[PDB]
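Asks: Model the structure of this input:
(2 chains, ligands or ions: 4)
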Amino acid sequence: XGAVX
Amino acid sequence: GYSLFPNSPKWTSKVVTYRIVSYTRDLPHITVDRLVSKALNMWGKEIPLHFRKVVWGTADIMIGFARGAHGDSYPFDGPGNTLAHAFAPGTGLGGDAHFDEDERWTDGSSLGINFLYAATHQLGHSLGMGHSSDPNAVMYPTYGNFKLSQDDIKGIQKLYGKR
Ligand SMILES: [Ca+2]
Ligand SMILES: [Ca+2]
Ligand SMILES: [Zn+2]
Ligand SMILES: [Zn+2]
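Replies: Residues are numbered from 1 along each chain as shown, chains lettered A, B, ... in the order given. Ligands and ions are numbered 1, 2, ... in the order given. The protein structure is shown below:
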């Protein structure tokens, strides 16, 4: 892969 | 060109800590340490932010290698498919960067995914970069001797200001 949390 | 995350999350202090929590069998430990620093400094030279390394406990940016499920909502998946992933700035999981141990990683002298490139992409996410529409950008969504593109620099400086 960029993830939010 | 570049994108950020919604509501522009960013680190709020002038210093951000980081820890390499787990290593890969593919490289010496010192080699991973030196490449992570180099990746961080590519972004750091452009902006008013400094990185401090820690060796124990919790740091802002937790970096490591893992096989399979490893405590977040995005478990790794064996050889192939997903390679790595990272999170936007914030408490807890925010900022962290994870690499799948079930690939092959290289410092440039062997077969593998180029770890310096990969770490620069993932740590761009850890500082608040999203994906770019510009193919020349380190932050382009697909993996494809290097530098940050002009789009990468414009985006990071939009979020932090200029050094
Ligand atoms: Ca964190
Ligand atoms: Ca995988
Ligand atoms: Zn990405
Ligand atoms: Zn993860």
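Asks: Is the residue nearest in space to the middle of chain B part of a helix or strand, or is it coil?
Replies: Taking CA atoms, centre = their mean, the centroid of chain B lies closest to residue B:123, which sits 2.0 Å from it. Of the three states, residue B:123 takes helix under DSSP: H, G, I helix; E, B strand; the rest coil.
Asks: Isn't it up against residue B:38?
Replies: No. Counting by CB atoms under 8 Å, residue B:123 stays clear of residue B:38, with 10.4 Å between them. No exception for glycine: its C-beta is placed from N, CA and C like everyone else's.
Asks: The closest residue to ligand 4 within chain B sits in which helix or strand?
Replies: Residue nearest to ligand 4 within chain B: residue B:98 (3.4 Å; CB to the ion). Using DSSP states H and E, residue B:98 sits within strand B:97-100.
Asks: what's the burial count for residue B:15?
Replies: Other residues near residue B:15 come to 10 when the count uses other CB atoms under 10 Å in any protein chain shown.
Asks: From what I see, residue B:57 and residue B:17 are in contact.
Replies: No. Between residue B:57 and residue B:17 there is no contact under CB under 8 Å: 9.5 Å.
Asks: coming back round to it: can you tell me the closest non-neighbouring residue to the residue nearest to the centre of chain B?
Replies: Take residue B:123 and drop its neighbours on the chain: the residue closest to it by CB to CB, 6 or more residues apart in numbering or on different chains is residue B:39, 5.2 Å away.
Asks: and residue B:106, how far is that from residue B:123?
Replies: Remark: distance between residue B:106 and residue B:123 (CB to CB, to the nearest Å) = 18 Å.
Asks: so how far does stretch B:2-16 reach from one end to the other?
Replies: Terminal residues of stretch B:2-16 lie 23 Å apart, using CA to CA, to the nearest Å.
Asks: Next, see if it gets close to chain A.
Replies: Yes. Stretch B:2-16 is in contact with chain A by CB under 8 Å from any CB of the partner chain, via B:5-6, B:9.
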